[PDB]
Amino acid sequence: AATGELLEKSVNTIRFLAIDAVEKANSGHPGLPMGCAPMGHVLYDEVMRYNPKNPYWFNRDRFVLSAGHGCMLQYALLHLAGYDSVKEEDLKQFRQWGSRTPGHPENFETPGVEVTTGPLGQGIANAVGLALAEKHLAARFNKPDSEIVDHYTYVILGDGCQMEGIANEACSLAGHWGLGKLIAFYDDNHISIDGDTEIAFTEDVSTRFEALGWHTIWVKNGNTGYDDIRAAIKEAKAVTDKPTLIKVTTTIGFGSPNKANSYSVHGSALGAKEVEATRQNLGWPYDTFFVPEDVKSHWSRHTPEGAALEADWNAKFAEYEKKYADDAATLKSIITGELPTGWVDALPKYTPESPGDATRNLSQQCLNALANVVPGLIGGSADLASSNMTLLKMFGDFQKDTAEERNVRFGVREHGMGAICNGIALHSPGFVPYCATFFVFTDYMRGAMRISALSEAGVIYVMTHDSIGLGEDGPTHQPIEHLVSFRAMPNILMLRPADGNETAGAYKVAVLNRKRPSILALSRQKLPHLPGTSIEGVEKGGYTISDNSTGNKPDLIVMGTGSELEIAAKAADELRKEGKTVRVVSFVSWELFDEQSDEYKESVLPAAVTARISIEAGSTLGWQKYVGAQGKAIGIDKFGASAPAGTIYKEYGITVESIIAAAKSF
C-alpha cells in the first residue's frame, strides 16, 4: 500500500490527469474526479480484485461509477492500473469523435467499464443487479469445500443519484435482499448543478438508507482521511447481511484555490489561469498528462498481481470442475455465453387446431420451456406475476435466504427493475434476464430501457395488456403511442406476436439477440392460432401468412400485428369470396423486416402493388412507410376508454368492416 509522499503523488496524479484531459477537450467534469481521487485510489489500488490484462475475468470485483459525468476518475484509474483500453493517447482524445474515452462511461466503447452510466440513478440500480447476480450464482453453485464465486460490487454515486426515485427503488430492493457484498460510496459534497444542495435537498440520506435496511457509515474527512476510508471499507465487508452505504464528505474541485466547493467546478474546464494556480497549490511541477515514474512503478504491480489472482481462481475452478462436473458445465454456460445445444427444440409449436389462448399465457409456456434448457434465464414481474404470467413454475422466489431461486419479485418498481436487469445482463454473457409489467408502464421505466438498447444489453421485456383489448381499466392503462415510440428507438426489437407460433418465434429471436434488447407486446385477451404463422417467419419481421395471388401481384395487401392479425385474416377471406386476390402479411417486427434484403422485401411488398391496408390497435404514425401514399392505415390516434374490450373495438373501428370499407376505395 502506498504511503506518505507516494500516496499524495498518486492521488494527485489522478486529479491532474482529470484536470488536463478536461482542459484539453475544453469540455468535461473536473469537480468529482478532484474530490473523489482519494477514494478512487484506495479502491483500485488496495481493495478491488481484478486483472488489468483481462477485463473479462469472471470472478473480478465490479466497479460502477453511477455519477457518470465524473468519468475521468475512472479513465485515470483504468490507465494507471494498466488496462489496454486506456493508453496515454486515449486520455488525450477525451470527448473526441470515436475515442475510447467518451463524455460518459460506455461499456460498449471501453473494456474495463462494466455498464453505461450518465443518466443519473442508473448506475446504483445496475450495481444492485450485479450484486444480485453474484449472490444468486454463489448460492446456486458454491459448495461447502469450494467457494468459486465470490466478488464484491463497488459503486460511487453523488447527490444527483440520491435524489432520483430509481435509486430509492433499487436500494429498497437491495436492503430487502440482504446484498452484503454491495458497497456504495456516496460522494457527500453538498453541491449539485443548481449550487448548494440546501436549495432542494435537505433530507437525512443516512437515516433513509437505514430504513431501507442498509448498514451505514460516515467518513467525515473524505479529502485526506485515507485511513478513515480504508477502515470504513474494512468494516463494510465485515457486515455480511446488509448492503453498506459509506457517506464520504469531500469538497468538489479539491485543490483548486478559487473554484473548489463551488458549482463552477462541476462541469467545465478550470481554465489556463486556474490550472496554473491549482498546480502551484498542490505542488504539481509536472506538466501536461504526466505520470511520475515512482507512481507509475507503484501501479505496475497490478499486472503481475492481477495475473496471479486470476491464476489462483482458475486453479480453484479446475478443481471444482472435476468434483462437480455437472454444476461446472452449467456455470460455464453462464460464464461463456454459449447456450446449450438444442435449446431451440424446447420451444412449443402449435397448429390452428390447438385451443386459442392469450399470447400472455403462451408466453408463460415458452418461459417455462426455456427455463429447463437455458441456465441463465432469470427474472420476474413488478407485482403483476398473475397478470403478466411470468412465474417459472419449477422454482421458488429469489430472497436473501433462497438466493438460488430464479423467480425475482420486483414489487411496484418498474424503473428500478429495468436497471437491475441491465446489471444482470452485463454481469456475464450467459445471463438472459427478463422483466415484466403492463405495456403501458414502460413509460415509468423508459430510461433504463433506452440504456438497454444503447449499452447492448440483451434484456427481454415481457409487456402484457398491450392494447384497448384490456378493456375496463381504461385510458390510464391502454397503450396507444407505445409501439411506435419503440419502433423509433434505435437497437431494440418491438415484437408483437399474433399467436402461439409467433410467440415462440419472438422468444427464439429474443434469446438469440444477446446484444440487443427485445420487447414483446402480449395480449390480455384470447386469440386464435392462425394458419400460416411460423417460428421462421418471425425471424423475417414481416412475412406472408396467406396468399391467393400469382406472379407476386395481388389486388390487395393487408397487413397486421398481434391481436389485429386475426381481423386482417377474416377480412381477407371475405374479400377473396368476391373474387379478389389478397395477400395477408404479418409484421411481428418492423426491425427485422427492415434488415432483410431488397429481394425479400420486394417479395413481400411488391413495389407494383399500391392497394395496401394496415390494421393495428395503436397509433397510425409511421405505417406510411409500408402502406405507401395511396395506402390506408387503420388504427387509434386518440386515448382509450373505460369499457368492455368488444365495445371499444367496435366504437373505434378496429373491425373487419373497416378493412372491407377501405378495400372498396381502391
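Numbering starts at 1 and follows the sequence shown.
S.K.: Going by the average Cα B-factor in the PDB entry, point out whether 263-271 or 130-138 comes out higher.
M.R.: Taking the mean C-alpha B-factor of 263-271 and of 130-138, the larger value falls to 263-271.
S.K.: For the C-alpha atoms alone, is the average B factor greater in 220-228 or in 430-438, going by the entry?
M.R.: The stretch with the larger average C-alpha B-factor is 220-228.
S.K.: Per the PDB entry, which option out of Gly175, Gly505, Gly356, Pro111 has the greatest Cα B factor?
M.R.: If I rank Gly175, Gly505, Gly356, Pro111 by C-alpha B-factor, first place goes to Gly356.
S.K.: Which listed residue, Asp159, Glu414, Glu310, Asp294, has the largest C-alpha temperature factor in the record?
M.R.: Result of the comparison over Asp159, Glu414, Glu310, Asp294: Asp294.
S.K.: Comparing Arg487 with the other modelled residues of its chain, is its CA B-factor in the lowest, middle or highest third?
M.R.: Lowest third.
S.K.: Would you please rank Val373 by its C-alpha temperature factor against the other modelled residues of its chain and give the third it falls in: lowest, middle or highest?
M.R.: Within its chain, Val373 is a highest-third residue by C-alpha B-factor, going by the deposited values.
S.K.: Quick check on the deposited entry: does the C-alpha B-factor of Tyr461 sit in the lowest, middle or highest third of its chain?
M.R.: Its C-alpha B-factor, which the entry lists for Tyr461, ranks in the lowest third among residues of this chain.
S.K.: With respect to C-alpha B-factor, does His104 fall in the lowest, middle or highest third of the chain as deposited?
M.R.: Its C-alpha B-factor belongs to the lowest third of this chain's values.
S.K.: Taking the entry's C-alpha B-factors for this chain, is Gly165 in the lowest, middle or highest third?
M.R.: Ranked within chain, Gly165 CA B lands in the lowest tercile.
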